[PDB]
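The file target.txt comes next; it holds compact mmCIF, C-alpha atoms.
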```txt
# COMPACT_ATOMS: atom_id res chain seq x y z
CA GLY H 333 88.95 140.08 102.48
CA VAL H 334 89.90 136.48 101.82
CA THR H 335 88.40 136.79 98.33
CA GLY H 336 90.75 139.70 97.65
CA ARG H 337 90.31 143.14 96.09
CA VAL H 338 86.70 144.01 96.83
CA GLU H 339 85.52 146.89 94.65
CA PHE H 340 82.20 148.04 93.22
CA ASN H 341 81.23 149.18 89.72
CA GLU H 342 78.62 151.73 88.66
CA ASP H 343 76.09 148.89 89.02
CA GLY H 344 77.29 148.12 92.55
CA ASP H 345 78.50 144.68 91.46
CA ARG H 346 81.80 142.93 92.20
CA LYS H 347 85.02 143.40 90.22
CA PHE H 348 87.91 141.03 89.51
CA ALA H 349 86.22 137.77 90.49
CA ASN H 350 88.48 134.73 90.23
CA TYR H 351 86.81 131.75 88.56
CA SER H 352 87.47 128.02 88.54
CA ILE H 353 87.19 125.90 85.40
CA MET H 354 85.98 122.30 85.52
CA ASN H 355 86.01 119.56 82.89
CA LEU H 356 83.68 116.56 82.98
CA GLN H 357 86.38 113.90 82.62
CA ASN H 358 84.63 110.51 82.75
CA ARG H 359 81.83 111.91 84.93
CA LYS H 360 84.31 113.42 87.40
CA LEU H 361 84.93 117.13 87.94
CA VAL H 362 88.61 117.76 87.19
CA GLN H 363 90.06 121.26 87.41
CA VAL H 364 91.63 122.28 84.09
CA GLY H 365 92.22 126.01 84.51
CA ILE H 366 91.94 129.08 86.69
CA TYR H 367 90.68 132.57 85.91
CA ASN H 368 92.21 135.76 87.29
CA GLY H 369 90.31 139.05 87.38
CA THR H 370 91.36 139.59 83.76
CA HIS H 371 93.33 136.55 82.52
CA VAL H 372 92.82 132.79 82.27
CA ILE H 373 95.57 130.43 83.42
CA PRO H 374 95.19 126.71 82.62
CA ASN H 375 96.58 124.38 85.26
CA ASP H 376 98.87 121.38 84.75
CA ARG H 377 95.90 119.06 84.15
CA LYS H 378 94.85 118.01 80.66
CA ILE H 379 91.42 118.56 79.08
CA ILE H 380 89.78 115.86 76.90
CA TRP H 381 87.30 116.91 74.15
CA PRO H 382 84.07 114.90 73.40
CA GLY H 383 85.89 113.44 70.39
CA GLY H 384 89.56 112.57 70.02
CA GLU H 385 92.61 114.78 70.52
CA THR H 386 93.00 117.28 73.35
CA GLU H 387 93.70 120.05 70.82
CA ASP R 21 78.61 95.62 88.01
CA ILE R 22 81.98 94.26 86.89
CA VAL R 23 82.59 90.95 88.65
CA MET R 24 85.95 91.00 90.43
CA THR R 25 87.39 87.51 90.90
CA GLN R 26 90.11 87.09 93.52
CA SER R 27 92.23 83.96 93.83
CA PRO R 28 93.16 82.34 96.13
CA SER R 29 90.44 82.95 98.74
CA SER R 30 92.97 82.48 101.56
CA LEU R 31 96.48 81.16 102.11
CA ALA R 32 98.91 80.39 104.93
CA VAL R 33 102.69 80.60 104.49
CA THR R 34 105.84 80.71 106.60
CA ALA R 35 107.74 83.96 107.03
CA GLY R 36 110.30 84.70 104.33
CA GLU R 37 108.43 82.92 101.52
CA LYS R 38 106.91 84.39 98.37
CA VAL R 39 103.15 84.50 97.72
CA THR R 40 100.94 85.41 94.78
CA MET R 41 97.34 86.65 94.81
CA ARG R 42 95.35 87.04 91.59
CA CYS R 43 92.54 89.43 90.66
CA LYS R 44 90.23 88.89 87.69
CA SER R 45 87.67 91.40 86.44
CA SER R 46 84.68 90.39 84.34
CA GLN R 47 85.48 93.27 81.96
CA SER R 48 88.64 94.93 80.72
CA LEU R 49 89.60 97.67 83.17
CA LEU R 50 92.04 99.08 80.60
CA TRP R 51 90.88 102.20 78.76
CA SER R 52 92.37 102.22 75.27
CA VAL R 53 92.79 105.99 74.98
CA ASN R 54 95.23 106.26 77.90
CA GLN R 55 96.22 102.57 78.22
CA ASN R 56 95.81 102.56 82.02
CA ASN R 57 94.25 99.83 84.17
CA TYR R 58 91.59 101.01 86.63
CA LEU R 59 92.55 98.49 89.31
CA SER R 60 93.56 99.22 92.90
CA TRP R 61 95.04 96.83 95.46
CA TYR R 62 94.33 97.44 99.15
CA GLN R 63 95.54 96.14 102.51
CA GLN R 64 92.80 95.75 105.13
CA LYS R 65 93.79 94.74 108.66
CA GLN R 66 91.46 93.89 111.53
CA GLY R 67 89.87 96.86 113.27
CA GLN R 68 91.41 99.42 110.92
CA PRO R 69 90.26 101.30 107.80
CA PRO R 70 91.67 99.69 104.64
CA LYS R 71 94.97 101.13 103.46
CA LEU R 72 95.52 101.80 99.76
CA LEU R 73 98.30 99.43 98.70
CA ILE R 74 98.67 99.46 94.90
CA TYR R 75 96.82 101.48 92.26
CA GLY R 76 96.81 101.03 88.50
CA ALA R 77 97.59 97.34 89.13
CA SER R 78 101.32 98.11 89.03
CA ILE R 79 102.14 101.21 91.12
CA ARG R 80 102.94 100.88 94.82
CA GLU R 81 102.03 103.60 97.30
CA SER R 82 104.80 105.65 98.89
CA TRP R 83 104.38 103.77 102.18
CA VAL R 84 104.25 100.37 100.43
CA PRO R 85 107.61 98.55 100.58
CA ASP R 86 109.24 97.23 97.42
CA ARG R 87 108.48 93.66 98.53
CA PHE R 88 104.89 94.07 97.29
CA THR R 89 104.51 93.59 93.53
CA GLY R 90 101.30 94.07 91.56
CA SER R 91 101.00 92.68 88.05
CA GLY R 92 98.39 91.85 85.44
CA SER R 93 96.43 93.92 82.96
CA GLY R 94 93.12 93.97 81.13
CA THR R 95 90.82 91.60 83.00
CA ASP R 96 93.39 89.55 84.97
CA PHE R 97 95.60 91.04 87.68
CA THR R 98 98.05 89.71 90.26
CA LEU R 99 99.39 90.85 93.63
CA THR R 100 102.72 89.29 94.60
CA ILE R 101 104.84 89.59 97.76
CA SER R 102 108.46 88.59 97.21
CA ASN R 103 109.33 88.47 100.95
CA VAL R 104 106.33 87.82 103.18
CA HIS R 105 106.41 89.32 106.68
CA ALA R 106 104.18 88.73 109.68
CA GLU R 107 102.97 92.35 109.59
CA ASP R 108 101.55 91.78 106.09
CA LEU R 109 98.88 89.43 107.51
CA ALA R 110 95.62 91.00 106.34
CA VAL R 111 92.73 90.61 103.92
CA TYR R 112 93.62 92.21 100.59
CA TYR R 113 90.94 93.44 98.18
CA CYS R 114 91.20 94.58 94.57
CA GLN R 115 88.70 97.22 93.49
CA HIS R 116 88.06 98.80 90.10
CA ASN R 117 88.31 102.58 89.72
CA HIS R 118 86.87 103.01 86.21
CA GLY R 119 84.43 105.91 86.31
CA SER R 120 82.65 104.76 83.16
CA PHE R 121 82.12 101.35 84.80
CA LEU R 122 80.09 102.47 87.82
CA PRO R 123 79.30 101.41 90.50
CA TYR R 124 82.58 100.54 92.24
CA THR R 125 82.73 96.85 93.17
CA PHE R 126 85.10 94.67 95.17
CA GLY R 127 86.36 91.12 94.77
CA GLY R 128 85.87 88.24 97.15
CA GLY R 129 89.09 89.02 99.02
CA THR R 130 92.16 87.02 100.01
CA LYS R 131 93.00 86.31 103.65
CA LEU R 132 96.73 86.12 104.45
CA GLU R 133 97.79 83.74 107.22
CA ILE R 134 101.26 83.21 108.70
CA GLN T 21 95.09 114.53 109.06
CA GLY T 22 91.43 114.50 108.04
CA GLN T 23 88.83 113.25 110.52
CA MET T 24 85.25 112.09 109.98
CA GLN T 25 83.04 111.68 113.05
CA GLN T 26 79.64 110.00 112.83
CA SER T 27 76.58 110.19 115.07
CA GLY T 28 75.79 107.81 117.91
CA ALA T 29 73.82 104.59 117.94
CA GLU T 30 70.10 104.83 117.19
CA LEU T 31 67.10 102.72 118.20
CA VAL T 32 64.40 103.39 115.61
CA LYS T 33 60.96 101.84 115.35
CA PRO T 34 60.29 99.95 112.10
CA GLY T 35 58.84 102.20 109.42
CA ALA T 36 60.26 105.34 111.04
CA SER T 37 63.08 107.56 109.78
CA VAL T 38 66.61 108.26 110.99
CA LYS T 39 68.97 111.04 109.90
CA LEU T 40 72.65 110.35 110.53
CA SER T 41 75.34 113.02 110.73
CA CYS T 42 79.01 112.82 109.73
CA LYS T 43 81.22 115.76 110.71
CA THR T 44 84.28 116.17 108.50
CA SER T 45 87.47 118.11 109.21
CA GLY T 46 91.12 118.30 108.24
CA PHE T 47 90.66 118.68 104.48
CA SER T 48 88.88 120.65 101.77
CA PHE T 49 85.24 119.84 102.50
CA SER T 50 84.00 121.57 99.34
CA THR T 51 86.29 119.85 96.80
CA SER T 52 86.07 116.21 97.96
CA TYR T 53 83.58 113.35 97.65
CA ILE T 54 81.93 111.57 100.58
CA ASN T 55 80.34 108.11 100.39
CA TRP T 56 77.85 106.39 102.69
CA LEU T 57 78.22 102.61 102.95
CA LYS T 58 75.93 100.05 104.58
CA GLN T 59 77.73 97.25 106.41
CA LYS T 60 75.70 94.60 108.18
CA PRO T 61 77.58 92.84 111.00
CA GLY T 62 79.69 90.01 109.64
CA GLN T 63 78.99 91.28 106.11
CA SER T 64 80.82 93.38 103.55
CA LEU T 65 79.97 97.05 103.08
CA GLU T 66 77.22 97.98 100.62
CA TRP T 67 77.67 101.25 98.75
CA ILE T 68 74.63 103.49 99.23
CA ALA T 69 75.34 106.86 97.62
CA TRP T 70 77.91 109.56 96.95
CA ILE T 71 77.56 113.34 96.91
CA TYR T 72 79.84 116.18 95.82
CA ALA T 73 79.77 119.13 98.22
CA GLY T 74 80.94 121.71 95.67
CA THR T 75 78.02 121.16 93.30
CA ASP T 76 75.41 119.26 95.40
CA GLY T 77 75.55 116.45 92.82
CA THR T 78 73.78 113.40 94.24
CA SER T 79 73.84 109.77 93.10
CA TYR T 80 72.18 106.96 95.06
CA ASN T 81 72.15 103.18 94.82
CA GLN T 82 69.05 101.95 93.01
CA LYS T 83 68.22 99.84 96.07
CA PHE T 84 68.43 103.01 98.20
CA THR T 85 67.48 105.74 95.70
CA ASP T 86 63.96 105.80 97.17
CA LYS T 87 65.16 105.10 100.73
CA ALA T 88 68.11 107.40 101.52
CA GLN T 89 68.59 111.15 101.07
CA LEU T 90 71.85 113.07 101.39
CA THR T 91 72.47 116.66 102.50
CA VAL T 92 75.52 118.69 103.51
CA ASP T 93 76.17 121.86 105.52
CA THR T 94 79.09 123.95 104.25
CA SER T 95 79.26 125.99 107.45
CA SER T 96 79.85 122.85 109.55
CA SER T 97 81.50 120.60 106.91
CA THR T 98 79.19 117.80 108.10
CA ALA T 99 77.62 115.16 105.86
CA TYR T 100 74.08 113.94 106.42
CA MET T 101 72.23 110.77 105.44
CA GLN T 102 68.53 110.51 106.23
CA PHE T 103 67.27 106.92 106.14
CA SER T 104 63.48 106.69 106.02
CA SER T 105 60.98 103.83 106.13
CA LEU T 106 63.42 101.89 108.28
CA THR T 107 62.93 98.12 108.46
CA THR T 108 64.66 95.34 110.38
CA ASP T 109 66.83 94.85 107.29
CA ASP T 110 68.32 98.27 108.10
CA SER T 111 69.77 96.94 111.37
CA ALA T 112 73.39 97.40 110.31
CA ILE T 113 76.42 99.66 110.65
CA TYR T 114 76.62 102.74 108.41
CA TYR T 115 79.96 104.38 107.61
CA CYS T 116 80.99 107.66 106.00
CA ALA T 117 84.28 107.81 104.11
CA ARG T 118 86.20 110.47 102.20
CA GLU T 119 87.51 109.64 98.74
CA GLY T 120 91.24 109.69 98.14
CA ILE T 121 92.20 111.24 94.80
CA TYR T 122 95.81 111.50 93.58
CA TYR T 123 96.84 113.53 90.52
CA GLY T 124 93.14 113.95 89.81
CA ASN T 125 92.79 110.15 89.74
CA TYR T 126 90.57 108.41 92.36
CA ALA T 127 92.73 105.94 94.36
CA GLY T 128 90.17 104.57 96.83
CA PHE T 129 88.63 105.49 100.16
CA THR T 130 91.50 106.80 102.29
CA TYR T 131 89.57 108.22 105.26
CA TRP T 132 86.84 106.64 107.39
CA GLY T 133 84.41 107.40 110.17
CA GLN T 134 84.16 105.40 113.37
CA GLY T 135 80.88 103.76 112.32
CA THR T 136 77.30 104.00 113.55
CA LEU T 137 74.97 101.12 114.42
CA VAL T 138 71.26 101.62 113.71
CA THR T 139 68.89 99.21 115.49
```

Can I see the file as structure tokens?
Amino acid sequence: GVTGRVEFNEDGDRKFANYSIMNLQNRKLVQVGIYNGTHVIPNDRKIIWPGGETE
Amino acid sequence: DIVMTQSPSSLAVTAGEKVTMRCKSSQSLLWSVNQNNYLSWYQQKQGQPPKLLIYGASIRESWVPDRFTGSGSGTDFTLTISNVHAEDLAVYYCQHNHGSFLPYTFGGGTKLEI
Amino acid sequence: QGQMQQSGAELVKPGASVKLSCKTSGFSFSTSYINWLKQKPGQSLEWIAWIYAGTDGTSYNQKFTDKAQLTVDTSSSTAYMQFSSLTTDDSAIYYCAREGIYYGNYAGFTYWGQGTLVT
């Protein structure tokens, strides 16, 4: 499978689904991180908060 | 809509000379937080899709030769060619890229003649 | 290199509707932005609307918010613009273009269709 490791739980759902993270940066969808089946990896892009600093 | 003012409207020069084309926006295209100008210079030739020439009012594209020089900041901007060639003959447009200043608008345009 | 192919020329009666197609290829169809522009002959292009294929987010020009509708097909990577209540003012050339974004920063329309004339 192109998605990857397809496996079912006791509920018959999907396991280890990779997720994409988007930030609304000036009304444009900019990728800011990726999600593994168990861990989150931010990308090289920065994320701006509604206020000031990126922290 | 931010009014983009381009000057001159058209010009004719001999090969080897230096030209200057100005772009003026009705509003400051500079965002204070990042200090970047949302201005893009383009080269549009007849019968072809426009080719992105300079973005950020100062940065040339990889395919753009060093002879092109974009300057200006805030509301006023300038496109300058140090060594004008015959191939550069085209209509050049400056367009704002500020997402908070939608919709995207274009200036009047400058026609280059040789 | 990405390619955008538009539909053929249309003769539409006034007040009727037309739905134009714009097949896209050579790039990530889901993660890009496509814009429809109205260009009358001898006139500059008029921005109509933009749509994001990954989220179905739609934004139209106020002049065309009640006139044009946009749809996409992920299976075919083809953009669609349906122009309804067509009038003689709509006799113009419509273009579909793909946005060029560098380092996450929009840098202008880098790709274009061949153009479609609606009469």

Taking every listed atom of range 370-377 of chain H and adding 5 Å to each side, what centre and edge lengths in Å (one decimal) does the axis-aligned box have, as JSON?
```
{"center_x": 95.1, "center_y": 129.3, "center_z": 83.8, "size_x": 17.5, "size_y": 30.5, "size_z": 13.0}
```

* Write out as a PyMOL selection string which residues come within 10 Å of range 358-374 of chain H when counting all atoms listed in the file, dropping same-chain ones fewer than 6 positions away. => (chain H and resi 337+347-352+380) or (chain R and resi 118-121) or (chain T and resi 51+72+74-75+123-126)

Counting only C-alpha atoms, what is within 12 Å of residue 85 in chain R, bar same-chain residues fewer than 6 positions away, as a PDB file with C-alpha atoms, in the frame of the given file?
```pdb
ATOM      1  CA  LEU R  73      98.300  99.430  98.700  1.00  0.00           C
ATOM      2  CA  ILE R  74      98.670  99.460  94.900  1.00  0.00           C
ATOM      3  CA  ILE R  79     102.140 101.210  91.120  1.00  0.00           C
ATOM      4  CA  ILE R 101     104.840  89.590  97.760  1.00  0.00           C
ATOM      5  CA  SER R 102     108.460  88.590  97.210  1.00  0.00           C
ATOM      6  CA  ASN R 103     109.330  88.470 100.950  1.00  0.00           C
ATOM      7  CA  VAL R 104     106.330  87.820 103.180  1.00  0.00           C
ATOM      8  CA  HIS R 105     106.410  89.320 106.680  1.00  0.00           C
ATOM      9  CA  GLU R 107     102.970  92.350 109.590  1.00  0.00           C
ATOM     10  CA  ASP R 108     101.550  91.780 106.090  1.00  0.00           C
TER      11      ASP R 108
END
```

* Would you give me, as a ChimeraX atom specification, the residues of chain T that come within 10 Å of chain R, using all atoms listed in the file? => /T:64-67,69,81,117,120,125-134

* Residue neighbourhood residue 47 in chain R, 9 Å, all atoms listed in the file, exclusion window fewer than 3 positions, as a ChimeraX atom specification -> /R:22-24,44,50,94-95

Write to file, as a PDB file, in the frame of the given file, the residues of the selection just made, with C-alpha atoms.
```
ATOM      1  CA  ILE R  22      81.980  94.260  86.890  1.00  0.00           C
ATOM      2  CA  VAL R  23      82.590  90.950  88.650  1.00  0.00           C
ATOM      3  CA  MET R  24      85.950  91.000  90.430  1.00  0.00           C
ATOM      4  CA  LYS R  44      90.230  88.890  87.690  1.00  0.00           C
ATOM      5  CA  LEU R  50      92.040  99.080  80.600  1.00  0.00           C
ATOM      6  CA  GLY R  94      93.120  93.970  81.130  1.00  0.00           C
ATOM      7  CA  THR R  95      90.820  91.600  83.000  1.00  0.00           C
TER       8      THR R  95
END
```

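Comparing the minimum interatomic distances between residue 91 in chain R and each of R:48, R:34, R:40, R:63, counting only C-alpha atoms, we find that R:40 sits nearest.
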
* To do: May I ask for the distance between CA of residue 30 in chain R and CA of residue 113 in chain R, given in Å to one decimal place?
  => 11.6 Å

* Would you list the contacts of residue 53 in chain R as a PyMOL selection string, taking every protein, DNA or RNA residue within 12 Å and counting all atoms listed in the file, but skipping same-chain residues closer than 5 positions in sequence? => chain H and resi 380+383-386

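Among the candidate residues R:98, R:130, R:89, R:54, the one lying nearest to chain H is R:54, with distances computed using only C-alpha atoms.
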
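Those residues positioned at most 12 Å from (79.0, 122.5, 107.4) are residues 41, 42, 43, 44, 45, 48, 49, 50, 73, 74, 91, 92, 93, 94, 95, 96, 97, 98, 99 and 100 of chain T, judged using all atoms listed in the file.
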
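The residue that comes closest to residue 90 in chain T, out of T:56, T:34, T:112, T:121 and on the basis of only C-alpha atoms, is T:56.
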
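Shortest atom-to-atom contact with residue 78 in chain T among T:35, T:53, T:29, T:122: T:53, counting only C-alpha atoms.
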
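In this structure, CA of residue 28 in chain T sits 19.2 Å away from CA of residue 68 in chain T.
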
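Atom pair CA of residue 86 in chain R / CA of residue 38 in chain R has a distance of 13.1 Å (rounded to one decimal).
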
Give me range 44-58 of chain T with N, CA, C and O atoms filled in, as a PDB file, in the frame of the given file.
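Okay, part_26.pdb is ready:
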```pdb
ATOM      1  N   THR T  44      83.008 116.317 109.182  1.00  0.00           N
ATOM      2  CA  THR T  44      84.280 116.170 108.500  1.00  0.00           C
ATOM      3  C   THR T  44      85.186 117.354 108.817  1.00  0.00           C
ATOM      4  O   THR T  44      84.720 118.485 108.984  1.00  0.00           O
ATOM      5  N   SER T  45      86.485 117.081 108.896  1.00  0.00           N
ATOM      6  CA  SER T  45      87.470 118.110 109.210  1.00  0.00           C
ATOM      7  C   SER T  45      88.828 117.645 108.718  1.00  0.00           C
ATOM      8  O   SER T  45      89.036 116.462 108.437  1.00  0.00           O
ATOM      9  N   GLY T  46      89.755 118.596 108.623  1.00  0.00           N
ATOM     10  CA  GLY T  46      91.120 118.300 108.240  1.00  0.00           C
ATOM     11  C   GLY T  46      91.409 118.292 106.759  1.00  0.00           C
ATOM     12  O   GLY T  46      92.530 117.937 106.370  1.00  0.00           O
ATOM     13  N   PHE T  47      90.448 118.664 105.919  1.00  0.00           N
ATOM     14  CA  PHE T  47      90.660 118.680 104.480  1.00  0.00           C
ATOM     15  C   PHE T  47      89.669 119.641 103.837  1.00  0.00           C
ATOM     16  O   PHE T  47      88.813 120.223 104.508  1.00  0.00           O
ATOM     17  N   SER T  48      89.799 119.800 102.524  1.00  0.00           N
ATOM     18  CA  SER T  48      88.880 120.650 101.770  1.00  0.00           C
ATOM     19  C   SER T  48      87.520 119.971 101.676  1.00  0.00           C
ATOM     20  O   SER T  48      87.334 119.037 100.889  1.00  0.00           O
ATOM     21  N   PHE T  49      86.567 120.446 102.479  1.00  0.00           N
ATOM     22  CA  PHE T  49      85.240 119.840 102.500  1.00  0.00           C
ATOM     23  C   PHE T  49      84.509 120.067 101.180  1.00  0.00           C
ATOM     24  O   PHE T  49      83.738 119.212 100.731  1.00  0.00           O
ATOM     25  N   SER T  50      84.740 121.214 100.540  1.00  0.00           N
ATOM     26  CA  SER T  50      84.000 121.570  99.340  1.00  0.00           C
ATOM     27  C   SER T  50      84.451 120.801  98.102  1.00  0.00           C
ATOM     28  O   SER T  50      83.629 120.564  97.209  1.00  0.00           O
ATOM     29  N   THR T  51      85.720 120.407  98.026  1.00  0.00           N
ATOM     30  CA  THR T  51      86.290 119.850  96.800  1.00  0.00           C
ATOM     31  C   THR T  51      86.584 118.359  96.911  1.00  0.00           C
ATOM     32  O   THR T  51      87.449 117.849  96.193  1.00  0.00           O
ATOM     33  N   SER T  52      85.885 117.645  97.786  1.00  0.00           N
ATOM     34  CA  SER T  52      86.070 116.210  97.960  1.00  0.00           C
ATOM     35  C   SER T  52      84.730 115.498  97.807  1.00  0.00           C
ATOM     36  O   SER T  52      83.680 116.140  97.701  1.00  0.00           O
ATOM     37  N   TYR T  53      84.778 114.169  97.799  1.00  0.00           N
ATOM     38  CA  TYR T  53      83.580 113.350  97.650  1.00  0.00           C
ATOM     39  C   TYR T  53      83.433 112.459  98.875  1.00  0.00           C
ATOM     40  O   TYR T  53      84.412 111.871  99.347  1.00  0.00           O
ATOM     41  N   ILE T  54      82.214 112.357  99.388  1.00  0.00           N
ATOM     42  CA  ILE T  54      81.930 111.570 100.580  1.00  0.00           C
ATOM     43  C   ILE T  54      80.936 110.473 100.202  1.00  0.00           C
ATOM     44  O   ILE T  54      79.974 110.722  99.465  1.00  0.00           O
ATOM     45  N   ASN T  55      81.169 109.263 100.702  1.00  0.00           N
ATOM     46  CA  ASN T  55      80.340 108.110 100.390  1.00  0.00           C
ATOM     47  C   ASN T  55      79.781 107.486 101.668  1.00  0.00           C
ATOM     48  O   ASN T  55      80.486 107.343 102.672  1.00  0.00           O
ATOM     49  N   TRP T  56      78.505 107.115 101.618  1.00  0.00           N
ATOM     50  CA  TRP T  56      77.850 106.390 102.690  1.00  0.00           C
ATOM     51  C   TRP T  56      77.752 104.917 102.314  1.00  0.00           C
ATOM     52  O   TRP T  56      77.281 104.579 101.224  1.00  0.00           O
ATOM     53  N   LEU T  57      78.203 104.044 103.210  1.00  0.00           N
ATOM     54  CA  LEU T  57      78.220 102.610 102.950  1.00  0.00           C
ATOM     55  C   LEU T  57      77.475 101.879 104.057  1.00  0.00           C
ATOM     56  O   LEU T  57      77.614 102.197 105.242  1.00  0.00           O
ATOM     57  N   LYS T  58      76.685 100.889 103.654  1.00  0.00           N
ATOM     58  CA  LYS T  58      75.930 100.050 104.580  1.00  0.00           C
ATOM     59  C   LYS T  58      76.673  98.746 104.799  1.00  0.00           C
ATOM     60  O   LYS T  58      76.929  97.998 103.848  1.00  0.00           O
TER      61      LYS T  58
END
```
